[PDB]
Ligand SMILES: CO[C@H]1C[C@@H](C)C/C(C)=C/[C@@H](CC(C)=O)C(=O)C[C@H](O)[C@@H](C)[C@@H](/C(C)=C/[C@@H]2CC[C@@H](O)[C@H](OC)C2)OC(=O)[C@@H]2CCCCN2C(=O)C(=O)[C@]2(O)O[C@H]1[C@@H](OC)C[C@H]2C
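What follows is a single chain, given as C-alpha coordinates, in the form solved without the ligand.
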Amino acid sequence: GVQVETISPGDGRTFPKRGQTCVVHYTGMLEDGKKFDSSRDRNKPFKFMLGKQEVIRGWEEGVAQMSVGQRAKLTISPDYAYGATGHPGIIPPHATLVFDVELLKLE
(Lines give C-alpha, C1' and ligand atoms only; values in the text may rest on other atoms or scores of the structure.)
Protein backbone atom coordinates (compact mmCIF):
# COMPACT_ATOMS: atom_id res chain seq x y z
CA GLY A 1 0.00 0.00 0.00
CA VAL A 2 2.57 2.60 1.17
CA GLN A 3 6.40 2.57 0.95
CA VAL A 4 8.97 4.39 3.10
CA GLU A 5 12.17 5.47 1.32
CA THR A 6 14.45 7.14 3.85
CA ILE A 7 17.09 9.73 2.99
CA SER A 8 18.25 11.00 6.41
CA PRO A 9 17.70 8.33 9.11
CA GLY A 10 16.87 9.41 12.70
CA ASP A 11 18.02 7.93 16.04
CA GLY A 12 16.04 4.74 15.30
CA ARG A 13 14.55 4.38 18.81
CA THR A 14 12.03 7.27 19.28
CA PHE A 15 8.82 7.20 17.21
CA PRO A 16 5.30 8.67 17.67
CA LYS A 17 3.30 6.85 20.39
CA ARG A 18 -0.40 6.37 21.16
CA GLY A 19 -1.56 9.61 22.84
CA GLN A 20 1.10 11.84 21.28
CA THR A 21 0.92 14.38 18.48
CA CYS A 22 3.44 14.27 15.62
CA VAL A 23 5.01 17.55 14.49
CA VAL A 24 5.84 17.06 10.80
CA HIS A 25 6.89 19.31 7.88
CA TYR A 26 6.34 17.89 4.38
CA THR A 27 6.13 18.69 0.70
CA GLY A 28 3.40 16.84 -1.24
CA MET A 29 3.88 16.23 -4.95
CA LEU A 30 2.27 14.00 -7.57
CA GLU A 31 3.96 11.47 -9.84
CA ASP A 32 5.01 14.12 -12.33
CA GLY A 33 2.69 17.14 -12.14
CA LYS A 34 2.94 19.58 -9.26
CA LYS A 35 2.30 20.27 -5.57
CA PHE A 36 -1.22 19.67 -4.27
CA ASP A 37 -0.49 19.43 -0.53
CA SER A 38 2.68 21.12 0.83
CA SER A 39 3.55 22.30 4.37
CA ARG A 40 4.98 25.75 3.63
CA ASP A 41 3.21 27.08 6.59
CA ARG A 42 4.66 30.34 7.87
CA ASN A 43 5.62 29.38 11.44
CA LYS A 44 3.92 26.06 12.29
CA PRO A 45 4.33 22.91 10.14
CA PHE A 46 1.53 20.38 10.36
CA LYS A 47 0.51 18.60 13.62
CA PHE A 48 -1.73 15.47 13.97
CA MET A 49 -2.53 12.60 16.38
CA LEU A 50 -2.19 8.81 15.98
CA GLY A 51 -5.36 6.71 16.53
CA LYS A 52 -7.91 9.34 15.40
CA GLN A 53 -7.49 9.09 11.63
CA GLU A 54 -7.00 12.78 10.79
CA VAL A 55 -4.47 12.07 8.04
CA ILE A 56 -4.78 9.45 5.30
CA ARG A 57 -3.30 6.01 6.04
CA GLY A 58 -0.13 6.29 3.89
CA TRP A 59 0.84 8.89 6.45
CA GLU A 60 -0.41 7.29 9.68
CA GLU A 61 1.34 4.10 8.68
CA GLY A 62 4.16 5.97 6.96
CA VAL A 63 4.88 8.78 9.44
CA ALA A 64 4.59 6.34 12.37
CA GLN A 65 7.11 4.04 10.83
CA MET A 66 9.40 7.10 10.84
CA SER A 67 11.50 8.21 13.87
CA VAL A 68 12.07 11.54 15.55
CA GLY A 69 14.71 13.26 13.38
CA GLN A 70 14.20 11.10 10.28
CA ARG A 71 13.22 12.27 6.80
CA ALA A 72 11.88 10.24 3.91
CA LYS A 73 10.06 10.09 0.60
CA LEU A 74 6.89 8.03 1.03
CA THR A 75 4.85 6.67 -1.91
CA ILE A 76 1.10 6.34 -1.23
CA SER A 77 -1.21 4.35 -3.50
CA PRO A 78 -4.99 4.97 -3.83
CA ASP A 79 -5.88 2.27 -1.30
CA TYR A 80 -4.03 4.27 1.37
CA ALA A 81 -4.57 7.80 -0.02
CA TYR A 82 -8.07 9.10 -0.86
CA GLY A 83 -9.53 5.82 -2.16
CA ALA A 84 -11.12 6.51 -5.58
CA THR A 85 -13.19 9.58 -4.63
CA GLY A 86 -10.86 12.37 -3.44
CA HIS A 87 -11.70 15.76 -5.00
CA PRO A 88 -11.71 17.09 -8.65
CA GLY A 89 -8.95 19.76 -8.79
CA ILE A 90 -6.51 18.72 -6.00
CA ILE A 91 -6.73 14.93 -6.04
CA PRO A 92 -8.11 13.55 -9.35
CA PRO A 93 -9.18 9.85 -9.17
CA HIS A 94 -6.44 7.16 -8.94
CA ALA A 95 -3.71 9.77 -8.30
CA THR A 96 -0.79 8.17 -6.40
CA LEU A 97 0.46 10.82 -3.89
CA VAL A 98 4.16 11.25 -2.98
CA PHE A 99 5.21 13.02 0.24
CA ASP A 100 8.66 14.12 1.42
CA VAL A 101 8.11 14.11 5.21
CA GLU A 102 10.38 15.09 8.06
CA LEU A 103 9.10 13.97 11.50
CA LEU A 104 10.38 16.82 13.65
CA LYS A 105 9.21 16.06 17.15
CA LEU A 106 6.27 14.93 19.32
CA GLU A 107 4.12 17.22 21.51
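A residue's number is simply how far along the shown sequence it sits, counting from 1.
Only in words, not in the display: the form deposited with the ligand bound, which the text now covers.
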_Taking the ligand as it sits in the deposited bound form, is residue 91 in contact with it (heavy atom to heavy atom, 4.5 Å or less)?_
yes
*Flag residue 37 as yes or no: does it have a non-hydrogen atom within 4.5 angstroms of any non-hydrogen atom of the ligand in the deposited bound form?*
yes
*Might residue 61 be said to contact the ligand in the deposited bound form, defining contact as any heavy atom within 4.5 Å?*
no
*asked:* Does any part of residue 17 reach within 4.5 Å of the ligand in the deposited bound form? Heavy atoms only, please.
replied: no
*Pull the contact list for 50-83: residues with a heavy atom within 4.5 Å of the ligand in the deposited bound form, in sequence order.*
54, 55, 56, 59, 81, 82
